[PDB]
Structures are given as C-alpha cells and as structure tokens.
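Visitor: Coordinates in run.pdb, PDB, C-alpha atoms, are listed below.
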ATOM      1  CA  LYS A   1     -31.463-139.933 -54.816  1.00  0.00           C
ATOM      2  CA  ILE A   2     -33.129-137.626 -57.347  1.00  0.00           C
ATOM      3  CA  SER A   3     -32.539-139.129 -60.816  1.00  0.00           C
ATOM      4  CA  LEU A   4     -32.637-135.661 -62.375  1.00  0.00           C
ATOM      5  CA  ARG A   5     -29.400-133.625 -62.219  1.00  0.00           C
ATOM      6  CA  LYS A   6     -30.728-130.150 -63.143  1.00  0.00           C
ATOM      7  CA  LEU A   7     -31.756-127.349 -60.807  1.00  0.00           C
ATOM      8  CA  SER A   8     -31.640-123.563 -60.547  1.00  0.00           C
ATOM      9  CA  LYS A   9     -32.131-121.022 -57.753  1.00  0.00           C
ATOM     10  CA  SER A  10     -32.034-117.273 -57.145  1.00  0.00           C
ATOM     11  CA  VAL A  11     -29.606-115.555 -54.736  1.00  0.00           C
ATOM     12  CA  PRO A  12     -30.221-111.750 -54.147  1.00  0.00           C
ATOM     13  CA  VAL A  13     -27.065-109.591 -54.129  1.00  0.00           C
ATOM     14  CA  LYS A  14     -26.170-107.612 -50.985  1.00  0.00           C
ATOM     15  CA  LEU A  15     -23.988-104.510 -51.381  1.00  0.00           C
ATOM     16  CA  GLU A  16     -21.789-103.503 -48.418  1.00  0.00           C
ATOM     17  CA  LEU A  17     -20.337-100.000 -48.358  1.00  0.00           C
ATOM     18  CA  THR A  18     -16.562-100.165 -47.691  1.00  0.00           C
ATOM     19  CA  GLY A  19     -14.228 -97.207 -47.094  1.00  0.00           C
ATOM     20  CA  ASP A  20     -14.466 -93.845 -45.335  1.00  0.00           C
ATOM     21  CA  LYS A  21     -17.175 -91.469 -46.590  1.00  0.00           C
ATOM     22  CA  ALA A  22     -15.876 -88.409 -48.460  1.00  0.00           C
ATOM     23  CA  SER A  23     -15.956 -85.135 -46.476  1.00  0.00           C
ATOM     24  CA  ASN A  24     -17.577 -83.389 -49.494  1.00  0.00           C
ATOM     25  CA  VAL A  25     -20.354 -86.055 -49.608  1.00  0.00           C
ATOM     26  CA  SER A  26     -23.271 -86.055 -47.138  1.00  0.00           C
ATOM     27  CA  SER A  27     -24.447 -89.544 -48.113  1.00  0.00           C
ATOM     28  CA  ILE A  28     -24.360 -92.166 -50.919  1.00  0.00           C
ATOM     29  CA  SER A  29     -27.071 -94.434 -52.358  1.00  0.00           C
ATOM     30  CA  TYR A  30     -27.161 -97.350 -54.801  1.00  0.00           C
ATOM     31  CA  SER A  31     -29.736 -99.207 -56.909  1.00  0.00           C
ATOM     32  CA  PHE A  32     -30.035-102.204 -59.250  1.00  0.00           C
ATOM     33  CA  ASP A  33     -32.175-103.114 -62.283  1.00  0.00           C
ATOM     34  CA  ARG A  34     -32.630-106.738 -61.073  1.00  0.00           C
ATOM     35  CA  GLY A  35     -30.205-107.428 -58.231  1.00  0.00           C
ATOM     36  CA  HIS A  36     -30.998-111.142 -58.778  1.00  0.00           C
ATOM     37  CA  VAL A  37     -29.173-113.817 -60.807  1.00  0.00           C
ATOM     38  CA  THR A  38     -29.687-117.506 -61.542  1.00  0.00           C
ATOM     39  CA  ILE A  39     -27.180-120.117 -60.287  1.00  0.00           C
ATOM     40  CA  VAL A  40     -26.795-123.780 -61.303  1.00  0.00           C
ATOM     41  CA  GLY A  41     -25.089-126.594 -59.389  1.00  0.00           C
ATOM     42  CA  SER A  42     -25.565-129.102 -56.564  1.00  0.00           C
ATOM     43  CA  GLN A  43     -28.300-128.491 -53.974  1.00  0.00           C
ATOM     44  CA  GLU A  44     -25.712-128.728 -51.180  1.00  0.00           C
ATOM     45  CA  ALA A  45     -23.750-125.786 -52.586  1.00  0.00           C
ATOM     46  CA  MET A  46     -26.941-123.727 -52.959  1.00  0.00           C
ATOM     47  CA  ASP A  47     -27.978-124.442 -49.353  1.00  0.00           C
ATOM     48  CA  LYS A  48     -24.567-123.091 -48.275  1.00  0.00           C
ATOM     49  CA  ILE A  49     -24.948-119.836 -50.263  1.00  0.00           C
ATOM     50  CA  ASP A  50     -27.685-117.585 -48.778  1.00  0.00           C
ATOM     51  CA  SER A  51     -26.651-114.476 -50.708  1.00  0.00           C
ATOM     52  CA  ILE A  52     -23.802-112.891 -52.720  1.00  0.00           C
ATOM     53  CA  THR A  53     -21.913-110.034 -51.030  1.00  0.00           C
ATOM     54  CA  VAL A  54     -20.743-107.320 -53.474  1.00  0.00           C
ATOM     55  CA  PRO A  55     -18.424-104.749 -51.702  1.00  0.00           C
ATOM     56  CA  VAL A  56     -17.608-101.422 -53.426  1.00  0.00           C
ATOM     57  CA  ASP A  57     -15.107 -98.677 -52.556  1.00  0.00           C
ATOM     58  CA  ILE A  58     -16.844 -95.304 -51.997  1.00  0.00           C
ATOM     59  CA  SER A  59     -13.640 -93.464 -51.075  1.00  0.00           C
ATOM     60  CA  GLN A  60     -12.776 -92.895 -54.771  1.00  0.00           C
ATOM     61  CA  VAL A  61     -16.465 -92.161 -55.528  1.00  0.00           C
ATOM     62  CA  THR A  62     -17.140 -88.387 -55.494  1.00  0.00           C
ATOM     63  CA  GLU A  63     -19.453 -88.149 -58.540  1.00  0.00           C
ATOM     64  CA  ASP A  64     -22.489 -89.960 -59.954  1.00  0.00           C
ATOM     65  CA  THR A  65     -21.493 -92.956 -62.087  1.00  0.00           C
ATOM     66  CA  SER A  66     -21.938 -96.695 -62.673  1.00  0.00           C
ATOM     67  CA  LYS A  67     -19.648 -99.735 -62.955  1.00  0.00           C
ATOM     68  CA  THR A  68     -20.161-103.340 -64.094  1.00  0.00           C
ATOM     69  CA  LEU A  69     -19.515-105.968 -61.381  1.00  0.00           C
ATOM     70  CA  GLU A  70     -18.922-109.682 -62.070  1.00  0.00           C
ATOM     71  CA  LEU A  71     -20.124-112.301 -59.553  1.00  0.00           C
ATOM     72  CA  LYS A  72     -18.403-115.657 -58.991  1.00  0.00           C
ATOM     73  CA  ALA A  73     -18.918-118.550 -56.565  1.00  0.00           C
ATOM     74  CA  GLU A  74     -17.117-121.895 -56.119  1.00  0.00           C
ATOM     75  CA  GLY A  75     -19.526-124.856 -56.485  1.00  0.00           C
ATOM     76  CA  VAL A  76     -22.173-123.245 -58.726  1.00  0.00           C
ATOM     77  CA  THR A  77     -22.262-121.647 -62.200  1.00  0.00           C
ATOM     78  CA  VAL A  78     -23.366-118.006 -61.947  1.00  0.00           C
ATOM     79  CA  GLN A  79     -24.773-116.497 -65.164  1.00  0.00           C
ATOM     80  CA  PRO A  80     -24.940-113.905 -66.681  1.00  0.00           C
ATOM     81  CA  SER A  81     -23.425-112.921 -63.326  1.00  0.00           C
ATOM     82  CA  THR A  82     -23.447-109.317 -64.569  1.00  0.00           C
ATOM     83  CA  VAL A  83     -25.616-106.408 -63.440  1.00  0.00           C
ATOM     84  CA  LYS A  84     -25.536-102.608 -63.750  1.00  0.00           C
ATOM     85  CA  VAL A  85     -25.263-100.559 -60.525  1.00  0.00           C
ATOM     86  CA  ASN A  86     -25.802 -96.776 -60.360  1.00  0.00           C
ATOM     87  CA  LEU A  87     -24.127 -94.927 -57.462  1.00  0.00           C
ATOM     88  CA  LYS A  88     -25.693 -91.518 -56.784  1.00  0.00           C
ATOM     89  CA  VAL A  89     -23.480 -89.058 -54.862  1.00  0.00           C
ATOM     90  CA  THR A  90     -25.126 -86.360 -52.693  1.00  0.00           C
ATOM     91  CA  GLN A  91     -23.181 -83.083 -52.487  1.00  0.00           C
ATOM     92  CA  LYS A  92     -23.120 -81.551 -49.003  1.00  0.00           C
ATOM     93  CA  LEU A  93     -24.795 -78.142 -48.791  1.00  0.00           C
ATOM     94  CA  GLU A  94     -25.658 -75.958 -45.787  1.00  0.00           C
ATOM     95  CA  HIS A  95     -29.230 -74.712 -45.345  1.00  0.00           C
ATOM     96  CA  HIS A  96     -31.733 -73.331 -42.830  1.00  0.00           C
ATOM     97  CA  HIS A  97     -31.378 -74.938 -39.389  1.00  0.00           C
ATOM     98  CA  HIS A  98     -34.260 -77.178 -38.293  1.00  0.00           C
ATOM     99  CA  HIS A  99     -36.615 -75.192 -36.045  1.00  0.00           C
ATOM    100  CA  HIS A 100     -37.725 -78.363 -34.241  1.00  0.00           C
TER     101      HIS A 100
END
Please go through the file and, once you have read it, give me the structure as structure tokens.
Guide:
Amino acid sequence: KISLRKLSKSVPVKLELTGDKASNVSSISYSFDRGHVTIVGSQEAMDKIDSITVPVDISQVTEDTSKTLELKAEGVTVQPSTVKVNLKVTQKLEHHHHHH
C-alpha cells in the first residue's frame, strides 16, 4: 500500500488560443521559459491530470507583451504554479506576390 506518502510529477502546460484573430494581425505566437511545473498529491489525482490547459484571449492582444498566469488544480498542490509567457504579435504587411 506504499508506506511512503510523498511523490512529485511534471505536467507540461498546453496553451489554447481563444478569441477571433485581429484583422490587423497576420498571426500570433507564444513561448515559455520552462512550460513545466511540479505537482504534489495522490497518485490517483496525477493519473487523472495529463496536462494543464492555459487559455488566453488574443482579441485584446494587438501588441507584443507578457502576462503572468497562475495554475491551479483540485487534488494536487501546484507550485510555484507561475510562469512567464511572451506573446509576439505579427503586423500584417503587403509584399511581392509569390511567383510560384
């Protein structure tokens, strides 16, 4: 029954773009310094969590910036549960048409 009562695992974060893309933006990208955090709790809870979804609104995003996002899950203790995310915005600009 496992005498020990201590365990830790890693759950990569998955960002899902939510909202309509700005008409003045061709495309948006995102990155992370680690994109991985340590969780502590029962093995059953860990087996249930395969990853942490972190949705972000891009509709209000029209310029390059970064925001701190806190992660929480019921059944495990997420810590530091904080990561920095940089959102680069690409400005649309016409150019020479592709010959191909």
Visitor: Please expand the PyMOL selection byres ((chain A and resi 61) around 12) into the concrete residues it hits in this file, giving the result as a short mmCIF file (atom, residue, chain, number, x, y, z; two decimals) with C-alpha atoms, in the coordinates of the input.
Guide:
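Everything below was put into result35.cif:
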data_model
loop_
_atom_site.label_atom_id
_atom_site.label_comp_id
_atom_site.auth_asym_id
_atom_site.auth_seq_id
_atom_site.Cartn_x
_atom_site.Cartn_y
_atom_site.Cartn_z
CA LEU A 17 -20.34 -100.00 -48.36
CA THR A 18 -16.56 -100.16 -47.69
CA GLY A 19 -14.23 -97.21 -47.09
CA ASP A 20 -14.47 -93.84 -45.34
CA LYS A 21 -17.18 -91.47 -46.59
CA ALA A 22 -15.88 -88.41 -48.46
CA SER A 23 -15.96 -85.14 -46.48
CA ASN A 24 -17.58 -83.39 -49.49
CA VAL A 25 -20.35 -86.06 -49.61
CA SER A 27 -24.45 -89.54 -48.11
CA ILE A 28 -24.36 -92.17 -50.92
CA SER A 29 -27.07 -94.43 -52.36
CA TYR A 30 -27.16 -97.35 -54.80
CA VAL A 56 -17.61 -101.42 -53.43
CA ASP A 57 -15.11 -98.68 -52.56
CA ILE A 58 -16.84 -95.30 -52.00
CA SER A 59 -13.64 -93.46 -51.08
CA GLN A 60 -12.78 -92.90 -54.77
CA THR A 62 -17.14 -88.39 -55.49
CA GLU A 63 -19.45 -88.15 -58.54
CA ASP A 64 -22.49 -89.96 -59.95
CA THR A 65 -21.49 -92.96 -62.09
CA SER A 66 -21.94 -96.70 -62.67
CA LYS A 67 -19.65 -99.74 -62.96
CA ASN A 86 -25.80 -96.78 -60.36
CA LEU A 87 -24.13 -94.93 -57.46
CA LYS A 88 -25.69 -91.52 -56.78
CA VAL A 89 -23.48 -89.06 -54.86
CA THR A 90 -25.13 -86.36 -52.69
CA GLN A 91 -23.18 -83.08 -52.49
#
Visitor: Please write out, as AutoDock Vina command-line options, where the centre of an axis-aligned box around all listed atoms of region 86-95 of chain A lies and how long its edges are, in Å to one decimal, after adding 3 Å on each side.
Guide:
--center_x -26.2 --center_y -85.7 --center_z -52.9 --size_x 12.1 --size_y 28.1 --size_z 21.0
Visitor: Sort by chain and increasing residue number a table of all residues of region 45-78 of chain A within 9 Å of region 31-39 of chain A, each with its closest pair of atoms and their distance in Å to one decimal, counting only C-alpha atoms, and write it as CSV.
Guide:
residue,atom,partner,partner_atom,distance
A:46,CA,A:39,CA,8.2
A:76,CA,A:39,CA,6.1
A:77,CA,A:39,CA,5.5
A:78,CA,A:39,CA,4.7
Visitor: Running the PyMOL selection byres ((chain A and resi 8) around 8) on this model by hand, what would come out? Give it as a ChimeraX atom specification.
Guide: /A:6-7,9-10,38-41
Visitor: By how many Å are CA of residue 49 (chain A) and CA of residue 3 (chain A) apart?
Guide: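 One can read the CA of residue 49 (chain A) to CA of residue 3 (chain A) distance as 23.3 Å.
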Visitor: Take the PyMOL selection byres ((chain A and resi 68) around 9), apply it to the structure above, and return the hits as a count of residues only.
Guide: 8
Visitor: Pick the closest to residue 71 (chain A) from A:52, A:93, A:45, A:15: which is it, counting only C-alpha atoms?
Guide: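 That would be A:52, the residue with the smallest distance to residue 71 (chain A).
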Visitor: Report, in Å with one decimal, the straight-line distance from CA of residue 2 (chain A) to CA of residue 44 (chain A).
Guide: 13.1 Å
Visitor: With all atoms listed in the file as the atoms that count, which of A:48, A:92, A:1, A:99 lies nearest to residue 74 (chain A)?
Guide: A:48
Visitor: Given all atoms listed in the file as the basis, pick out the residue of A:95, A:100, A:75, A:5 nearest to residue 47 (chain A).
Guide: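 For residue 47 (chain A), the nearest of the candidates is A:75.
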Visitor: Could you check how far CA of residue 81 (chain A) sits from CA of residue 42 (chain A), in Å to one decimal?
Guide: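 The value is 17.7 Å.
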Visitor: Since the input lacks some atoms of region 39-57 of chain A, please model N, CA, C and O atoms and print them as an mmCIF file, keeping the file's coordinate frame.
Guide:
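This went into out-v8.cif:
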data_model
loop_
_atom_site.group_PDB
_atom_site.id
_atom_site.type_symbol
_atom_site.label_atom_id
_atom_site.label_comp_id
_atom_site.auth_asym_id
_atom_site.auth_seq_id
_atom_site.Cartn_x
_atom_site.Cartn_y
_atom_site.Cartn_z
ATOM 1 N N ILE A 39 -28.357 -119.263 -60.517
ATOM 2 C CA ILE A 39 -27.180 -120.117 -60.287
ATOM 3 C C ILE A 39 -27.554 -121.564 -60.554
ATOM 4 O O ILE A 39 -28.702 -121.950 -60.364
ATOM 5 N N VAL A 40 -26.574 -122.353 -61.002
ATOM 6 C CA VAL A 40 -26.795 -123.780 -61.303
ATOM 7 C C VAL A 40 -25.682 -124.610 -60.676
ATOM 8 O O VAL A 40 -24.508 -124.258 -60.769
ATOM 9 N N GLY A 41 -26.062 -125.711 -60.034
ATOM 10 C CA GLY A 41 -25.089 -126.594 -59.389
ATOM 11 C C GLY A 41 -25.786 -127.576 -58.462
ATOM 12 O O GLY A 41 -26.988 -127.811 -58.581
ATOM 13 N N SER A 42 -25.025 -128.144 -57.531
ATOM 14 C CA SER A 42 -25.565 -129.102 -56.564
ATOM 15 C C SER A 42 -26.426 -128.376 -55.528
ATOM 16 O O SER A 42 -26.204 -127.202 -55.240
ATOM 17 N N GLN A 43 -27.412 -129.081 -54.974
ATOM 18 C CA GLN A 43 -28.300 -128.491 -53.974
ATOM 19 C C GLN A 43 -27.515 -128.137 -52.711
ATOM 20 O O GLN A 43 -27.830 -127.158 -52.034
ATOM 21 N N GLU A 44 -26.514 -128.950 -52.383
ATOM 22 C CA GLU A 44 -25.712 -128.728 -51.180
ATOM 23 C C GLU A 44 -25.013 -127.374 -51.242
ATOM 24 O O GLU A 44 -24.985 -126.635 -50.260
ATOM 25 N N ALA A 45 -24.449 -127.054 -52.404
ATOM 26 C CA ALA A 45 -23.750 -125.786 -52.586
ATOM 27 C C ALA A 45 -24.720 -124.613 -52.457
ATOM 28 O O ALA A 45 -24.390 -123.587 -51.869
ATOM 29 N N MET A 46 -25.918 -124.776 -53.013
ATOM 30 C CA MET A 46 -26.941 -123.727 -52.959
ATOM 31 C C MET A 46 -27.385 -123.483 -51.518
ATOM 32 O O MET A 46 -27.596 -122.338 -51.117
ATOM 33 N N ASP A 47 -27.541 -124.554 -50.744
ATOM 34 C CA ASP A 47 -27.978 -124.442 -49.353
ATOM 35 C C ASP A 47 -26.926 -123.717 -48.518
ATOM 36 O O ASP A 47 -27.240 -123.138 -47.478
ATOM 37 N N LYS A 48 -25.672 -123.750 -48.981
ATOM 38 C CA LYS A 48 -24.567 -123.091 -48.275
ATOM 39 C C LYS A 48 -24.554 -121.593 -48.586
ATOM 40 O O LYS A 48 -24.213 -120.776 -47.733
ATOM 41 N N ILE A 49 -24.924 -121.242 -49.825
ATOM 42 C CA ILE A 49 -24.948 -119.836 -50.263
ATOM 43 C C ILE A 49 -26.345 -119.253 -50.008
ATOM 44 O O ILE A 49 -27.329 -119.697 -50.600
ATOM 45 N N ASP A 50 -26.415 -118.250 -49.126
ATOM 46 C CA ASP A 50 -27.685 -117.585 -48.778
ATOM 47 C C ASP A 50 -27.827 -116.281 -49.555
ATOM 48 O O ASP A 50 -28.934 -115.798 -49.787
ATOM 49 N N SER A 51 -26.681 -115.730 -49.954
ATOM 50 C CA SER A 51 -26.651 -114.476 -50.708
ATOM 51 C C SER A 51 -25.231 -114.188 -51.188
ATOM 52 O O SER A 51 -24.269 -114.747 -50.667
ATOM 53 N N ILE A 52 -25.108 -113.288 -52.171
ATOM 54 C CA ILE A 52 -23.802 -112.891 -52.720
ATOM 55 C C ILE A 52 -23.474 -111.479 -52.243
ATOM 56 O O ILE A 52 -24.212 -110.535 -52.527
ATOM 57 N N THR A 53 -22.354 -111.336 -51.529
ATOM 58 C CA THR A 53 -21.913 -110.034 -51.030
ATOM 59 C C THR A 53 -21.124 -109.341 -52.130
ATOM 60 O O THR A 53 -20.212 -109.945 -52.695
ATOM 61 N N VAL A 54 -21.456 -108.081 -52.436
ATOM 62 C CA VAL A 54 -20.743 -107.320 -53.474
ATOM 63 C C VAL A 54 -20.204 -106.018 -52.853
ATOM 64 O O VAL A 54 -20.908 -105.010 -52.852
ATOM 65 N N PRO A 55 -18.982 -105.992 -52.319
ATOM 66 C CA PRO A 55 -18.424 -104.749 -51.702
ATOM 67 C C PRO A 55 -17.908 -103.781 -52.768
ATOM 68 O O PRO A 55 -17.413 -104.199 -53.813
ATOM 69 N N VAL A 56 -18.047 -102.477 -52.492
ATOM 70 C CA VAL A 56 -17.608 -101.422 -53.426
ATOM 71 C C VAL A 56 -16.952 -100.281 -52.649
ATOM 72 O O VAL A 56 -17.444 -99.861 -51.602
ATOM 73 N N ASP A 57 -15.839 -99.778 -53.182
ATOM 74 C CA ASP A 57 -15.107 -98.677 -52.556
ATOM 75 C C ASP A 57 -15.812 -97.361 -52.876
ATOM 76 O O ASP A 57 -16.044 -97.047 -54.042
#
